[PDB]
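Undergrad: Take a look at the following structure, please.
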There are 2 protein chains.
Amino acid sequence: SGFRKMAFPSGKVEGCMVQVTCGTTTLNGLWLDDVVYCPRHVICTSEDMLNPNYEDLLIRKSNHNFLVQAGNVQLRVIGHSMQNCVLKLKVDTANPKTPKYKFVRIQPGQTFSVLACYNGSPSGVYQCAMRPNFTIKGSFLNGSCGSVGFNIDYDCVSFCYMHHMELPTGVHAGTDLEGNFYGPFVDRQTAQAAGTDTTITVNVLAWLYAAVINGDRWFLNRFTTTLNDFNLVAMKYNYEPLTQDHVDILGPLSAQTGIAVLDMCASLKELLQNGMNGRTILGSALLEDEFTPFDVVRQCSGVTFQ
Amino acid sequence: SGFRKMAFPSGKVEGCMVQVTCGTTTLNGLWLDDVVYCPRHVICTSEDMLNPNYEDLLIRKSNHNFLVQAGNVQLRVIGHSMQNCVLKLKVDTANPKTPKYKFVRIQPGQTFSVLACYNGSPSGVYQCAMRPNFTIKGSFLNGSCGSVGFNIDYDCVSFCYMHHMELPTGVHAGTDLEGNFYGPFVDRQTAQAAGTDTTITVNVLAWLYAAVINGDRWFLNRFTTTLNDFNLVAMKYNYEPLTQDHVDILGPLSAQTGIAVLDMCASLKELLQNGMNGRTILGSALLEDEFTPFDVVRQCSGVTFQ
Ligand SMILES: *[C@H](O)[C@H](C[C@@H]1CCNC1=O)NC(=O)[C@H](CC1CC1)NC(=O)[C@@H](NC(=O)OCc1ccccc1)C1CC1
Ligand SMILES: *[C@H](O)[C@H](C[C@@H]1CCNC1=O)NC(=O)[C@H](CC1CC1)NC(=O)[C@@H](NC(=O)OCc1ccccc1)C1CC1
């Protein structure tokens with residue numbers, strides 16, 4: 001019993017983190033096989049931030065401009081290319097700690113662990129989610145760029161996120177490992193806005209099931225509802241529409257608890273309508289939307305990895 | 001910026017987790033040098049669980065009764081002994097991935113990362129605190145016993161917690177690595193209760209400082225108070241007393257924000273007397289007490305470890 005915001009164990013990712021320095025810019029890189037991936041804005045200067053032609057700046061550069069510390073063993077760069085917003089540094093040493101891995105591009109609503117790093121060294125690990133407006137609510141300081149987000153499926157690390165930038169609401173934006181931003185953002189210090197976020201309804205329902213599995217039942221009711229009538233209330237409260245696809249992912253959790261999905265929808269509806277009136281659910285006084293249905297099953301069945 | 005419950009990177013601990021089986025009991029062990037530490041109730045049967053004399057049971061045992069598996073590698077047990085509520089299994093192979101480590105016993109209100117494990121394999125990592133009633137609010141299922149809690153000290157793992165039991169309430173209880181329970185609990189399935197908990201006042205205050213450092217100031221005020229009159233209010237709302245030592249640990253955060261500790265205390269008092277009135281702080285609608293002052297500084301200055 002118990003339910004926590006739980007990250008994947010970070011060991012397999014820690015053994016890939018390196019430091020990349022070019023000019024007076026230091027950030028993090030990801031070293032897989034003989035390749036080091038990092039944000040291309042490592043090749044900028046502090047005045048270049050306003051409107052760089054990264055294509056300008058890369059041909060400017062020679063392999064020897066790139067300093068690639070793995071620990072205090074310095075890695076010789078022997079080639080470089082740019083893929084969208086990531087820079088790929090070919091080095092003369094394959095990473096012996098390379099895990100088995102994939103590059104995946106995730107969908108809004110999905111979650112992943114972030115291993116926050118500075119100067120190639122890990123600082124901490126936390127979950128978060130790709131928000132519907134394609135930002136993430138992370139914890140990043142100067143120097144964190146190149147930190148990555150990932151999921152583990154038994155032995156395989158699926159990398160989904162590399163950090164690039166903080167927007168002026170304190171939320172963060174970045175790319176997949178092929179260098180394409182999530183959302184409309186660009187690696188440029190000109191005014192950009194996140195866009196209004198919304199709540200991940202299917203995740204909120206999964207968390208309500210986590211609650212029931214762990215003994216919070218004070219929010220349930222006999223009420224039932226239809227997908228469409230529930231969806232009328234979702235609009236009103238800035239909640240993502242629920243699809244039949246979503247209902248179907250929630251089946252397993254529905255069956256384990258014996259609570260129909262639309263009955264849980266009726267519970268959520270009364271929760272938005274009436275608020276919580278002092279009570280908490282799983283230690284929270286807000287409805288939590290950063291656990292997927294898989295995160296809930298993962299944790300409430302103790303799935304492991306190696 | 002941003003603020004999350006961030007765990008320590010778990011790599012150094014993952015390389016010490018092993019599986020310990022004896023009879024029909026499998027749980028986790030911690031393998032450091034040539035010693036495997038695990039809960040002594042691995043030697044019990046599903047009927048010993050009631051009121052065992054572990055001395056009874058351990059004399060009954062032979063080295064070959066313990067199956068200790070490090071991945072798929074059979075570790076041979078060559079010696080055993082019991083220290084309070086932990087078993088120490090002497091094995092013929094020293095763990096080549098043993099880190100710099102210490103065994104520490106923490107105080108209530110201190111935090112640590114937990115690496116939850118099943119069958120010797122990591123399942124996830126999360127942060128929590130030693131509650132004032134010496135329980136932890138964890139996430140643990142059957143088979144998780146022997147999972148450990150730890151802090152990192154640049155390069156040194158300080159182990160503080162090993163998991164043993166879940167109380168009714170769904171909170172958890174365990175030992176330090178020398179086998180002494182936190183709190184008055186015992187490793188037998190006789191009726192036991194946690195004891196009323198209280199809020200870690202010093203931790204709520206540094207979390208309010210984390211909020212200010214990150215741009216939530218809606219709760220701040222003109223007012224100040226005396227440590228004596230604040231503590232009159234902390235009593236009324238089931239908060240731990242604030243000591244002058246606590247005021248002193250909050251100095252650094254106080255100086256960075258320029259808000260006196262006693263000004264922040266006046267702010268918390270109005271929060272307690274009025275509530276939050278629909279507003280959130282750092283994404284929470286409750287006052288959060290599982291960040292220490294050190295947790296806030298490391299995160300809001302990006303301390304790294306190796
Ligand atoms: C990389 O280490 C770093 C991480 C940032 C720094 C602080 N928190 C983080 O997550 N990223 C950057 O410094 C990038 C570099 C730019 C991408 C090439 N910049 C930013 O994160 C800046 N944000 C920004 O310019 O947003 C656009 C904007 C929005 C409003 C008004 C003007 C511009 C943050 C320093 C501001
Ligand atoms: C070890 O893997 C396991 C972990 C537990 C099981 C589920 N959640 C967990 O964290 N620990 C146990 O099974 C231990 C074994 C006891 C230490 C020798 N027991 C418990 O966790 C049980 N709790 C318990 O006996 O508490 C005392 C009590 C309280 C009320 C009434 C009677 C007894 C939980 C299985 C019940």
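Naming works like this for the structure tokens: A, B, ... for the chains as they're shown, residue 1 at the start of each chain, ligands 1 onward in shown order.
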Which polymer residues have any atom within 8 Å of an atom of residue 112 of chain B, counting only C-alpha atoms, with same-chain residues fewer than 6 positions away left out, as a VMD selection string?

TA: chain B and resid 7 127 to 129 149 to 151 160

Undergrad: Identify, with DSSP run on backbone atoms, the residues in segment 72-280 of chain A assigned to strand (DSSP E or B), and express the list as a ChimeraX atom specification.

TA: /A:73-75,77-83,86-91,100-103,111-118,121-129,136,148-153,156-166,172-175,181,199,239

Undergrad: Deliver the residues from the most recent selection as a file, using C-alpha atoms, as a CSV table (one decimal), in the first residue's frame.

TA:
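Contents of selection_1.csv, freshly written:
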```
chain,number,residue,atom,x,y,z
A,73,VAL,CA,38.5,11.3,-19.0
A,74,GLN,CA,38.3,13.7,-22.0
A,75,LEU,CA,36.7,12.3,-25.2
A,77,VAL,CA,35.5,14.4,-31.0
A,78,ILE,CA,36.1,13.2,-34.6
A,79,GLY,CA,33.0,14.4,-36.4
A,80,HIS,CA,29.9,16.4,-35.9
A,81,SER,CA,26.5,16.9,-37.5
A,82,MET,CA,23.2,18.7,-36.6
A,83,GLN,CA,19.8,16.9,-36.6
A,86,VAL,CA,20.3,18.4,-31.4
A,87,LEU,CA,23.9,18.3,-32.2
A,88,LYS,CA,25.5,14.8,-32.7
A,89,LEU,CA,29.2,14.6,-31.7
A,90,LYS,CA,31.0,11.5,-33.1
A,91,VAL,CA,33.7,10.5,-30.6
A,100,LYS,CA,19.9,-1.1,-24.6
A,101,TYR,CA,17.9,1.9,-25.8
A,102,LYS,CA,15.4,3.5,-28.1
A,103,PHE,CA,14.4,7.0,-29.1
A,111,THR,CA,4.8,10.6,-18.2
A,112,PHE,CA,8.6,10.0,-17.9
A,113,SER,CA,11.4,10.4,-15.4
A,114,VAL,CA,13.9,13.2,-15.8
A,115,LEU,CA,17.5,12.9,-14.5
A,116,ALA,CA,18.5,16.5,-13.8
A,117,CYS,CA,22.2,17.1,-14.4
A,118,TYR,CA,24.8,19.8,-14.2
A,121,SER,CA,26.9,14.9,-13.1
A,122,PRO,CA,23.4,13.8,-11.9
A,123,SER,CA,21.6,16.1,-9.4
A,124,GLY,CA,18.3,14.3,-8.9
A,125,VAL,CA,15.5,12.3,-10.5
A,126,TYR,CA,11.7,13.1,-10.7
A,127,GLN,CA,8.6,12.2,-12.7
A,128,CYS,CA,6.6,14.5,-14.8
A,129,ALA,CA,4.3,14.6,-17.7
A,136,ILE,CA,6.6,20.1,-18.8
A,148,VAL,CA,17.1,13.8,-20.6
A,149,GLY,CA,13.7,12.3,-19.8
A,150,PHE,CA,13.1,8.5,-20.2
A,151,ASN,CA,11.1,5.5,-19.5
A,152,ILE,CA,12.4,1.9,-18.8
A,153,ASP,CA,10.7,-1.2,-20.2
A,156,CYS,CA,15.4,-1.0,-22.4
A,157,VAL,CA,15.7,2.8,-21.9
A,158,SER,CA,13.3,4.7,-24.1
A,159,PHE,CA,14.6,8.3,-24.3
A,160,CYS,CA,11.9,10.8,-25.0
A,161,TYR,CA,13.0,14.2,-23.9
A,162,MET,CA,16.1,16.4,-23.9
A,163,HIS,CA,15.9,19.7,-22.1
A,164,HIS,CA,16.4,23.1,-23.9
A,165,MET,CA,14.7,26.1,-22.4
A,166,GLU,CA,12.6,27.7,-19.7
A,172,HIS,CA,10.1,24.0,-19.6
A,173,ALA,CA,10.3,23.1,-23.2
A,174,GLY,CA,12.5,20.7,-25.2
A,175,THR,CA,12.9,18.1,-27.9
A,181,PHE,CA,10.6,20.3,-30.2
A,199,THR,CA,-6.1,18.8,-17.3
A,239,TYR,CA,-10.5,19.1,-18.8
```

Undergrad: Hey, what's within 12 Å of residue 270 of chain A if we count only C-alpha atoms and toss same-chain stuff fewer than 6 positions away? As a ChimeraX atom specification, please?

TA: /A:218-225,230,233-234,237,263-264,276-277

Undergrad: Neighbouring residues of ligand 1 are defined here as those with any atom at most 7 Å from a ligand atom, counting only C-alpha atoms and all ligand atoms; list them as a compact mmCIF listing (two decimals) with C-alpha atoms, in the first residue's frame.

TA:
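Everything below was put into out28.txt:
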```txt
# COMPACT_ATOMS: atom_id res chain seq x y z
CA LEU A 27 25.81 21.82 -20.76
CA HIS A 41 22.59 25.95 -28.76
CA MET A 49 20.92 34.14 -28.33
CA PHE A 140 15.82 23.10 -14.07
CA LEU A 141 18.50 25.70 -13.44
CA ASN A 142 21.23 27.26 -15.56
CA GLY A 143 23.32 24.45 -16.90
CA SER A 144 20.68 21.71 -16.91
CA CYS A 145 20.30 21.66 -20.69
CA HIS A 164 16.44 23.08 -23.89
CA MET A 165 14.71 26.07 -22.35
CA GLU A 166 12.56 27.69 -19.67
CA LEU A 167 9.52 29.78 -20.61
CA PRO A 168 8.52 32.82 -18.53
CA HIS A 172 10.09 24.04 -19.56
CA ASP A 187 15.60 27.41 -29.50
CA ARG A 188 15.69 31.21 -29.50
CA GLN A 189 15.47 33.86 -26.83
CA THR A 190 12.61 35.78 -28.41
CA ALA A 191 9.17 36.02 -26.82
CA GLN A 192 7.28 32.72 -26.87
CA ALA A 193 4.18 31.76 -24.86
CA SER B 1 13.30 27.27 -11.79
```

Undergrad: Could you pull the residues within 12 Å of residue 296 of chain A, counting only C-alpha atoms, minus those fewer than 3 positions along the same chain, as a ChimeraX atom specification?

TA: /A:2-6,111,202-214,249-250,252-254,256,289-293,299-303 /B:139
